[PDB]
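Before any questions on how it binds or moves, here is one chain, the form deposited in one PDB entry, in structure tokens.
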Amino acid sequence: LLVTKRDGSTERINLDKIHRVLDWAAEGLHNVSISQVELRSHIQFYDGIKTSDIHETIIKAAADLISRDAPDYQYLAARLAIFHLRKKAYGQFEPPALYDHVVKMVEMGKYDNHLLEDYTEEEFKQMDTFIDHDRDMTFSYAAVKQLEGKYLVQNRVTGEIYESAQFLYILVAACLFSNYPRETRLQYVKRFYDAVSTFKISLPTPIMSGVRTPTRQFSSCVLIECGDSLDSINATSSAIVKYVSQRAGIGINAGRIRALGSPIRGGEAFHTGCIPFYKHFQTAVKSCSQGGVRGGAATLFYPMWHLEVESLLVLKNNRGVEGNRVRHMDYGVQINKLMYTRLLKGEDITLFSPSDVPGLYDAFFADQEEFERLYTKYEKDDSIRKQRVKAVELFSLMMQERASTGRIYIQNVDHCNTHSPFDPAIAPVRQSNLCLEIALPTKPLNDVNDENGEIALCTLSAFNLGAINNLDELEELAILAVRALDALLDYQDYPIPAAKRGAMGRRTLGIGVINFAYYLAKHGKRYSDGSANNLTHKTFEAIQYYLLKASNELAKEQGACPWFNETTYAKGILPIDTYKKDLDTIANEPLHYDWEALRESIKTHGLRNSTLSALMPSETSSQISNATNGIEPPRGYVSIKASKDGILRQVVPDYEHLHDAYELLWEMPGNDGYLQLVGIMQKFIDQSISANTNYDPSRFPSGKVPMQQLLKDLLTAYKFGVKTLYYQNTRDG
């Protein structure tokens, strides 16, 4: 009895229509009740209830029954959501013709005009044939929520949704392979479209929301290195403002900024310290955030031996004078072998301003022998300003602050340069990014547009280990993933010269996995007992092998990156030659691929991209593919998310059959198992991994995690070559 439509015209309620829809969306699901849904939604209907409202109501109805015991409600809700969005975008369930859609969207200025110039209407007709709009039915409610909220092209003021997932994927393919010769262009478009619509390959939010639209901004994270100079400080700051203004994560290395008290100009003026500048980079970072809060993230890096280290380590400590705190940025403490030995031998660590110890800073990242030489030399030399601190004290201080805030990260710089794709002497890795997985060369700017500066970027993607059947599927998947991002590099715009410089110079990519947890469950391994070591070794060898192959194949086609000669890859060196040897004692799986054939092929034809893999975290992308995030174990079987539209629940993949197979985050007795697996993955990974360390207070006497335990785990990670360490989760129930 009485319903209102979209024009605002009444009509009587035919309740079999609704039922039909529910009936349709339930097709194939197990354990869902259409009556349950009907019952819960019919009670909230009323005379003249907008038709849209009816849709929302049954969607929520379905959405509110999501559960571990009835996980198909996810798909029932999803489909209803998909149906509604169809009507919302097209005024009907059936999506328009690809060509008709693109024309319309070009005329409305929602899509890039180049699409119509780059492809012919018959080409668009051809692409349409690749599309499979029923794939929309494979998304899980949470996923549809993500697509609707941050992927699908829409009007943010009015609310209007202008497209559908399949169109998004086809046009992302179309745009990324638009410069291909016509003999293979559409073959690639089709292959990549299938790869992404069947969730084999995940692509970052910026790419997914924008590639197809008129924008050209797609970089999610930047790495700026700051020289010790007002000009460089100013330059750095300017770069950050431009980059956070395009919503990018910032990773800043401010390690050479000389210490407080250091001479300036001679003896005419003494330095003011690093903090004042850190505060300045922090305002730069939050310059485009509501008030000075909402968004804009950064992670600043400094050597453990910096003279102001003890003041830098407590910058997030809340209990402290305002002037001696830079609380809204995460920090990455950089350690090397020598520092750890100081700890183990119960010795001292000497603190030094980088400005007063010629060659130390470079040595630290590029040459450990030379670092050690210089370090001891300057320890003796009494002319050099310095400070002694007890290694245990320093380490404990750092771990304390890491334990309390969770955000004091570690970067093992020796591991970052002895086991990397680059030549430490020519292009060392002296920092990471926001989430501690990127590891690339950087050069300080002396001005925003300085052409001799170098800024690293994150050009990412990921394989879904839950969606491949065998590891040999990664050969085609790696082809597509490498070929699309490489295209992206030429596709997008660079706001700062230095950022283009490194992009074109080295063409560095960072491809990782999502769904690791589910994959291990599928093979009956766990994280904590070492049961997954060899499988992990097997799996990451495939990933790296096929990515290097794809890049090598691409170099043949289009030429290696300009700066390929600064890579160790160029010198015939491979990941399997410089990994951390201790790894041998925790896994015996033998290399299955022909690395030596490849070694030569790389030597001969080079690599298109200087770096190819990087294991980054992933909330969104994982959500769309209903996959456990990146390489982390799930906290629980059902994940809750808040929204204006209600509570969002997502059940881990195949909970039905794998509930006992999973090993949930807090079921692991400690971090060893996991730190082993990260070490194994690092053997083959070009860049770094976002490793986490987790602690449950319940597992310790008096509920207090022992510092001994914290240092033990830190040393473990170093022992197996872990490059960086990100979050520390302390459970708290």
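All residue numbers are counted from 1 along the displayed sequence. Only the largest set of C-alpha atoms that superpose within 1.5 Å between the two forms is called the rigid core.
- Remark: stretch with higher mean C-alpha B factor among 421-429 and 112-120 is 112-120.
- Legend: mean Cα B-factor per stretch from the PDB entry, 484-492 versus 183-191; the higher mean is in 183-191.
- Out of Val309, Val211, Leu440, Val392, it is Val392 whose C-alpha atom has the highest B-factor in the PDB entry.
- Per the deposited coordinates, the residue with the largest Cα temperature factor out of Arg526, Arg402, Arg635, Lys88 is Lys88.
- Among all modelled residues in its chain, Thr724 ranks in the lowest third by Cα B-factor.
- The entry lists a Cα temperature factor for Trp595 that places it in the middle third of the chain's modelled residues.
- The deposited CA B-factor of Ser67 belongs to the middle third of values across its chain.
- In the PDB entry, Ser643 places in the highest third of its chain by CA B-factor.
- Among the modelled residues of the chain, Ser622 sits in the middle third by CA temperature factor in this PDB entry.
Here the subject shifts to the form deposited in another entry, a form of this protein not shown in this document.
- For the set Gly636, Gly292, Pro214, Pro358, a Cα shift of at least 2 angstroms between this form and the one not shown, after rigid core superposition, holds for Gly292 and for no other residue.
- With the core superposed, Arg12 shows a C-alpha displacement of at least 2 Å between this form and the one not shown.
- Panel note: the distance between the CA atoms of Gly292 and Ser229 is larger in the other form than in this form, the difference being 3 Å or more.
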